[PDB]
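Just my_file_36.cif here, mmCIF, C-alpha atoms and all ligand atoms:
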data_query
#
loop_
_atom_site.label_atom_id
_atom_site.label_comp_id
_atom_site.auth_asym_id
_atom_site.auth_seq_id
_atom_site.Cartn_x
_atom_site.Cartn_y
_atom_site.Cartn_z
CA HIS A 1 87.39 93.44 110.27
CA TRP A 2 90.88 94.40 111.29
CA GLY A 3 92.04 97.95 111.90
CA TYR A 4 93.96 100.01 114.40
CA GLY A 5 91.49 100.43 117.32
CA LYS A 6 91.10 99.07 120.76
CA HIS A 7 88.84 96.44 119.52
CA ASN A 8 90.37 95.52 116.22
CA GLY A 9 93.98 96.68 116.32
CA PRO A 10 97.29 94.90 116.15
CA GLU A 11 96.86 93.08 119.37
CA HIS A 12 93.78 91.28 117.88
CA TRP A 13 95.11 90.44 114.44
CA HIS A 14 96.35 86.98 115.39
CA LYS A 15 92.78 85.66 115.74
CA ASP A 16 92.06 86.05 112.04
CA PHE A 17 95.72 85.84 110.95
CA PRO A 18 97.57 83.41 113.24
CA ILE A 19 100.83 84.10 111.33
CA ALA A 20 100.83 87.33 113.43
CA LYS A 21 102.68 85.29 116.04
CA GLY A 22 105.07 83.74 113.49
CA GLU A 23 108.81 83.53 113.30
CA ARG A 24 109.48 86.33 110.84
CA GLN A 25 107.02 89.14 111.65
CA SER A 26 107.52 92.83 110.95
CA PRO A 27 108.23 95.50 111.95
CA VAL A 28 111.10 95.08 114.44
CA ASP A 29 113.26 97.28 116.58
CA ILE A 30 116.66 97.78 114.90
CA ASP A 31 119.31 97.59 117.60
CA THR A 32 122.08 99.48 115.95
CA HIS A 33 124.74 98.08 118.15
CA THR A 34 123.96 94.52 117.29
CA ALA A 35 123.24 94.88 113.62
CA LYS A 36 126.42 93.64 112.00
CA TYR A 37 128.09 95.31 109.07
CA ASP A 38 128.06 92.86 106.21
CA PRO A 39 130.71 93.67 103.60
CA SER A 40 129.08 91.19 101.26
CA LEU A 41 125.97 93.43 100.90
CA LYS A 42 125.76 95.52 97.79
CA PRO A 43 124.71 98.99 97.15
CA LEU A 44 121.10 99.24 96.61
CA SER A 45 119.98 99.99 93.07
CA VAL A 46 116.86 102.07 92.95
CA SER A 47 115.82 102.74 89.38
CA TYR A 48 112.76 104.88 89.28
CA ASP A 49 113.37 107.05 86.22
CA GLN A 50 110.49 105.43 84.31
CA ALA A 51 108.09 104.99 87.15
CA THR A 52 104.50 105.56 86.08
CA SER A 53 102.22 106.44 88.83
CA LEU A 54 98.57 106.14 88.07
CA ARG A 55 96.32 106.70 90.99
CA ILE A 56 96.03 107.33 94.77
CA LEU A 57 93.74 105.31 96.84
CA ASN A 58 92.25 105.58 100.51
CA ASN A 59 91.93 101.98 101.37
CA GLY A 60 90.63 102.60 104.79
CA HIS A 61 94.07 101.79 106.47
CA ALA A 62 96.34 104.20 104.68
CA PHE A 63 96.57 105.72 101.24
CA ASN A 64 98.30 103.92 98.42
CA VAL A 65 100.21 105.73 95.50
CA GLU A 66 99.87 103.07 92.72
CA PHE A 67 102.09 102.35 89.82
CA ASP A 68 101.79 100.65 86.46
CA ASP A 69 103.73 97.47 87.16
CA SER A 70 102.90 95.85 83.77
CA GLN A 71 106.49 96.35 82.62
CA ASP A 72 110.02 96.77 84.18
CA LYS A 73 109.77 100.43 84.73
CA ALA A 74 110.61 101.17 88.35
CA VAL A 75 112.75 98.43 89.84
CA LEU A 76 114.73 97.69 92.93
CA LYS A 77 117.76 95.41 92.68
CA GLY A 78 121.07 94.89 94.38
CA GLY A 79 121.46 95.42 98.00
CA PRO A 80 120.61 92.08 99.70
CA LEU A 81 118.44 91.03 96.77
CA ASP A 82 118.87 88.40 94.03
CA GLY A 83 117.00 89.41 90.93
CA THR A 84 114.62 92.22 90.11
CA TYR A 85 111.74 93.65 92.04
CA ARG A 86 109.08 95.90 90.44
CA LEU A 87 107.47 98.82 92.23
CA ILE A 88 103.68 98.36 92.69
CA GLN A 89 102.75 100.97 95.34
CA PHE A 90 103.89 103.11 98.16
CA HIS A 91 102.13 104.10 101.32
CA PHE A 92 102.87 105.49 104.74
CA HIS A 93 102.23 104.82 108.40
CA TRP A 94 101.96 107.75 110.83
CA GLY A 95 101.02 108.89 114.25
CA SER A 96 98.57 111.10 116.03
CA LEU A 97 101.60 113.11 117.28
CA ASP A 98 105.14 113.50 115.98
CA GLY A 99 106.53 111.17 118.71
CA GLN A 100 105.10 108.02 117.17
CA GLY A 101 104.09 106.70 113.76
CA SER A 102 106.89 104.58 112.45
CA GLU A 103 106.68 100.80 112.39
CA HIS A 104 110.35 100.05 112.58
CA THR A 105 112.17 101.66 115.43
CA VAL A 106 115.89 102.41 115.79
CA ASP A 107 117.23 101.71 119.29
CA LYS A 108 113.54 102.06 120.40
CA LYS A 109 113.23 105.51 118.74
CA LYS A 110 109.97 106.02 116.93
CA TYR A 111 109.83 108.36 113.97
CA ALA A 112 106.82 110.47 113.03
CA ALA A 113 106.06 108.32 110.03
CA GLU A 114 107.43 105.60 107.76
CA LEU A 115 107.16 105.29 104.01
CA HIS A 116 106.99 101.83 102.43
CA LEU A 117 107.80 101.34 98.78
CA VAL A 118 106.57 97.91 97.88
CA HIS A 119 108.13 95.82 95.14
CA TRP A 120 107.49 92.26 93.92
CA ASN A 121 109.96 89.75 92.54
CA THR A 122 109.51 89.48 88.85
CA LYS A 123 110.42 85.79 88.91
CA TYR A 124 106.89 85.10 90.32
CA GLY A 125 105.09 86.95 87.58
CA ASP A 126 102.49 88.89 89.67
CA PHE A 127 102.09 90.33 93.11
CA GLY A 128 99.57 87.77 94.29
CA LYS A 129 101.95 84.88 93.47
CA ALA A 130 104.91 86.74 94.94
CA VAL A 131 103.35 87.15 98.34
CA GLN A 132 103.21 83.37 98.63
CA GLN A 133 107.03 83.12 98.50
CA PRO A 134 109.61 83.88 101.16
CA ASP A 135 111.54 86.06 98.70
CA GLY A 136 108.50 87.45 97.00
CA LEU A 137 108.63 91.12 98.05
CA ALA A 138 111.19 93.77 98.79
CA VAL A 139 109.96 96.69 100.83
CA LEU A 140 112.04 99.82 101.07
CA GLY A 141 111.29 101.59 104.32
CA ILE A 142 112.13 105.22 104.85
CA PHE A 143 111.61 107.10 108.12
CA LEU A 144 110.06 110.55 108.26
CA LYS A 145 110.95 113.18 110.81
CA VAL A 146 109.24 116.56 111.19
CA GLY A 147 111.31 119.61 110.25
CA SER A 148 111.78 121.08 106.78
CA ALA A 149 109.22 120.40 104.18
CA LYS A 150 109.84 117.73 101.54
CA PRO A 151 109.08 119.47 98.30
CA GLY A 152 108.64 116.14 96.55
CA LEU A 153 105.86 115.06 98.90
CA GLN A 154 103.69 118.14 98.38
CA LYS A 155 101.86 116.71 95.29
CA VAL A 156 100.76 113.81 97.45
CA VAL A 157 99.62 116.01 100.34
CA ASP A 158 97.63 118.28 98.12
CA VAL A 159 95.55 115.37 96.63
CA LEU A 160 94.53 114.00 100.03
CA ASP A 161 91.47 116.27 100.36
CA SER A 162 90.02 114.38 97.42
CA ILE A 163 90.38 110.95 99.09
CA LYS A 164 89.32 111.79 102.57
CA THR A 165 87.40 108.67 103.23
CA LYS A 166 87.74 104.91 102.70
CA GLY A 167 87.23 103.81 99.11
CA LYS A 168 87.91 107.10 97.51
CA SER A 169 90.50 107.21 94.71
CA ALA A 170 91.83 109.87 92.38
CA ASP A 171 93.95 110.02 89.22
CA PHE A 172 97.56 110.52 90.23
CA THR A 173 99.74 110.41 87.28
CA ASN A 174 103.30 111.52 86.73
CA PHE A 175 104.38 111.50 90.30
CA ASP A 176 108.07 110.82 90.72
CA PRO A 177 108.95 108.79 93.83
CA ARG A 178 112.59 109.81 93.58
CA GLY A 179 111.43 112.91 95.36
CA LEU A 180 110.86 110.92 98.48
CA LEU A 181 114.30 109.43 98.84
CA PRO A 182 117.04 110.59 101.25
CA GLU A 183 120.57 111.36 100.08
CA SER A 184 122.10 108.14 101.39
CA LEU A 185 121.07 104.62 100.52
CA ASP A 186 122.76 103.11 103.60
CA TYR A 187 120.43 100.48 104.96
CA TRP A 188 119.63 97.70 107.37
CA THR A 189 118.11 94.51 106.06
CA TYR A 190 116.36 91.52 107.53
CA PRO A 191 113.73 88.90 106.53
CA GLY A 192 110.18 89.69 107.62
CA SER A 193 106.59 90.15 106.74
CA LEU A 194 103.85 92.38 105.52
CA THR A 195 102.89 94.70 108.40
CA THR A 196 99.18 94.58 107.68
CA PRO A 197 96.98 91.52 107.35
CA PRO A 198 97.48 88.99 105.89
CA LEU A 199 100.94 89.47 107.50
CA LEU A 200 102.56 87.09 105.04
CA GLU A 201 106.20 86.24 105.66
CA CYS A 202 107.32 87.19 102.14
CA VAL A 203 109.39 90.34 102.57
CA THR A 204 113.07 91.20 102.40
CA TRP A 205 113.05 94.46 104.36
CA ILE A 206 115.47 97.21 103.41
CA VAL A 207 115.24 100.08 105.91
CA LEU A 208 117.17 103.20 105.09
CA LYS A 209 119.23 104.77 107.88
CA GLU A 210 118.75 108.35 106.82
CA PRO A 211 115.25 109.78 107.42
CA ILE A 212 113.59 112.29 105.22
CA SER A 213 112.29 115.52 106.67
CA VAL A 214 108.71 116.62 106.13
CA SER A 215 107.03 119.63 107.56
CA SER A 216 104.52 119.67 110.39
CA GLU A 217 102.01 121.02 107.86
CA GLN A 218 102.56 118.04 105.59
CA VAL A 219 102.05 115.47 108.31
CA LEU A 220 99.08 117.35 109.66
CA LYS A 221 97.38 116.78 106.29
CA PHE A 222 97.96 113.02 106.60
CA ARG A 223 96.17 113.21 109.95
CA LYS A 224 93.06 114.80 108.39
CA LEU A 225 92.36 111.59 106.45
CA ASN A 226 89.62 109.30 107.69
CA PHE A 227 89.51 105.57 108.37
CA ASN A 228 85.76 105.64 107.89
CA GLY A 229 83.77 105.79 104.67
CA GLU A 230 81.83 108.83 103.33
CA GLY A 231 79.31 109.99 105.61
CA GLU A 232 80.01 107.64 108.48
CA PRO A 233 81.13 108.80 112.06
CA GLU A 234 84.48 110.49 111.67
CA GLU A 235 87.49 108.69 113.04
CA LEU A 236 90.74 110.34 111.98
CA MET A 237 93.31 108.17 110.15
CA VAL A 238 96.11 108.30 112.72
CA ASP A 239 98.26 105.72 114.47
CA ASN A 240 98.00 103.26 111.61
CA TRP A 241 101.23 101.53 112.60
CA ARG A 242 101.93 98.00 113.90
CA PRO A 243 104.37 98.00 116.84
CA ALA A 244 107.68 96.14 116.81
CA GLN A 245 107.45 92.39 116.91
CA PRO A 246 109.86 89.80 118.36
CA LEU A 247 113.05 89.41 116.37
CA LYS A 248 113.27 85.64 117.14
CA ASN A 249 115.85 83.89 115.16
CA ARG A 250 116.86 86.81 112.90
CA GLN A 251 119.85 88.82 112.16
CA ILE A 252 119.67 92.43 111.06
CA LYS A 253 122.55 93.31 108.71
CA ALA A 254 123.96 96.75 107.98
CA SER A 255 125.21 97.84 104.59
CA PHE A 256 127.51 100.43 106.22
CA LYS A 257 130.30 100.67 108.75
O1 LIG B 1 96.57 95.39 101.47
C1 LIG B 1 97.29 95.01 102.47
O2 LIG B 1 97.25 95.62 103.53
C2 LIG B 1 98.28 93.86 102.41
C3 LIG B 1 99.54 94.44 101.84
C4 LIG B 1 99.76 94.73 100.47
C5 LIG B 1 100.89 95.24 100.00
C6 LIG B 1 101.90 95.62 100.88
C7 LIG B 1 101.79 95.39 102.23
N1 LIG B 1 102.84 95.61 103.15
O3 LIG B 1 102.84 95.26 104.33
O4 LIG B 1 103.83 96.37 102.77
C8 LIG B 1 100.59 94.80 102.67
ZN ZN B 2 103.47 99.63 105.29
#

Output the file's structure as structure tokens, nothing else.
Ligand SMILES: O=C(O)Cc1cccc([N+](=O)[O-])c1
Ligand SMILES: [Zn+2]
Amino acid sequence: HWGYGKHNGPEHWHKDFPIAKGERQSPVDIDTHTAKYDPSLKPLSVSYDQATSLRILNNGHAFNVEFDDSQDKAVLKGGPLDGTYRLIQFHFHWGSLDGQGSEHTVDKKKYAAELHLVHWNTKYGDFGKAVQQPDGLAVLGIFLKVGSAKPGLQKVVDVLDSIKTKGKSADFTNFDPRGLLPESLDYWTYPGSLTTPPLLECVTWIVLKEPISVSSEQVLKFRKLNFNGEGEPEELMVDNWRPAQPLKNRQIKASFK
């Protein structure tokens, strides 16, 4: 099955998921000089005051912080979006070293990591129906750079020892994702896809310009996770990022001048 190795990594995904070579794949390089300011874009509305995290999961590809999405409790609206998108999970992608890890790039710059907050359009009723629609998901992407610690991330880092290997989960209630957000909500937006199989072309991407800072210690704890299951040969969970894909017939729009 798919993964991030030599034998099963991104460059192989098209054989089981031919949409890998589609017209609206993610991530992409954001060329800041050609992304056009669009005055018609709105401010993003991120409303996470009632977000109810439940659990953290090592799925063998990353770890997922999961939310109760059975009501409108943590929603993303505005920005480029029509309608209301409910938070279902967040996860990250990161590198073996601080010089790579992000999926999106900015003028070819790779960040140490990238956080994805995944939301589904309530007009489709559930996540599985939403991913079948071109406007089914909104993913908020936030770059991580290594410097100062992010106090709001520490609760996540400290639970990782308990989900070292694939298929482990742990209760993870009361975590507030507002602690992961940068000061500015300036963004770039474009139409794209999931970045892991099945690579469905169902995402409005909203990539924040301003990175968050996390400490080296924090990212080092991400890199102690395992792709493998309990008791199998240890292969560290690192470099779980898809590289930039062809932009094709897309425009990247900026919310800011
Ligand atoms: O389980 C999976 O890998 C598919 C999946 C599910 C939810 C979000 C995703 N994304 O690319 O942001 C991908
Ligand atoms: Zn992701």

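Summary of the local environment: counting all atoms listed in the file, residues at most 12 Å from residue 149 in chain A, other than itself and those fewer than 6 positions away along its chain, are residues 157, 179, 180, 212, 213, 214, 215, 216, 217, 218, 219 and 220 of chain A.
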
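Taking all atoms listed in the file into account, every polymer residue with at least one atom at most 6 Å away from ligand LIG 1 (chain B) is listed here: residues 118, 194, 195, 196 and 197 of chain A.
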
- Message: So that I can see what lies close to range 166-168 of chain A, please list as number ranges by chain the residues with an atom at most 7 Å from it, counting all atoms listed in the file and leaving out residues fewer than 6 positions away in the same chain.
- Response: A: 57-60, 226-229

Residues of chain A that approach ligand ZN 2 (chain B) to 7 Å or less, counting only C-alpha atoms and all ligand atoms: could you list each one with the shortest pair of atoms and its distance in Å to one decimal, rows by chain and increasing residue number, as a tab-separated table?
residue	atom	partner	partner_atom	distance
A:91	CA	B:ZN2	ZN	6.1
A:92	CA	B:ZN2	ZN	5.9
A:93	CA	B:ZN2	ZN	6.2
A:115	CA	B:ZN2	ZN	6.9
A:116	CA	B:ZN2	ZN	5.0
A:195	CA	B:ZN2	ZN	5.9

- Write out as a PyMOL selection string which residues come within 8 Å of range 97-107 of chain A when counting only C-alpha atoms, dropping same-chain ones fewer than 6 positions away. chain A and resi 26-32+113-114+143-146+239-244

- Message: Just to confirm, what's the straight-line distance from CA of residue 74 in chain A to CA of residue 151 in chain A in Å (one decimal)?
- Response: 20.9 Å

- Message: Need the shell around range 44-47 of chain A: protein/DNA/RNA residues with any atom at most 7 Å away, counting all atoms listed in the file. Skip same-chain ones fewer than 5 positions apart. Format as a list in words?
- Response: residues 74, 75, 76, 77, 78, 79 and 185 of chain A

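Among the candidates A:119, A:129, A:14, A:178, the one nearest to residue 50 in chain A when counting only C-alpha atoms is A:178.
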
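Using only C-alpha atoms, the shortest contact distance between residue 17 in chain A and any of A:254, A:247, A:237, A:199 is found at A:199.
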
- Skipping near chain neighbours, those fewer than 4 positions away, what residues fall within 12 Å of residue 86 in chain A using only C-alpha atoms, listed as a PyMOL selection string? chain A and resi 45-48+50-52+66-77+90+117-127+130+136-140

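Straight-line separation from CA of residue 53 in chain A to CA of residue 159 in chain A: 13.6 Å.
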
- Message: Using Å and a single decimal, report how far CA of residue 112 in chain A sits from CA of residue 94 in chain A.
- Response: 6.0 Å
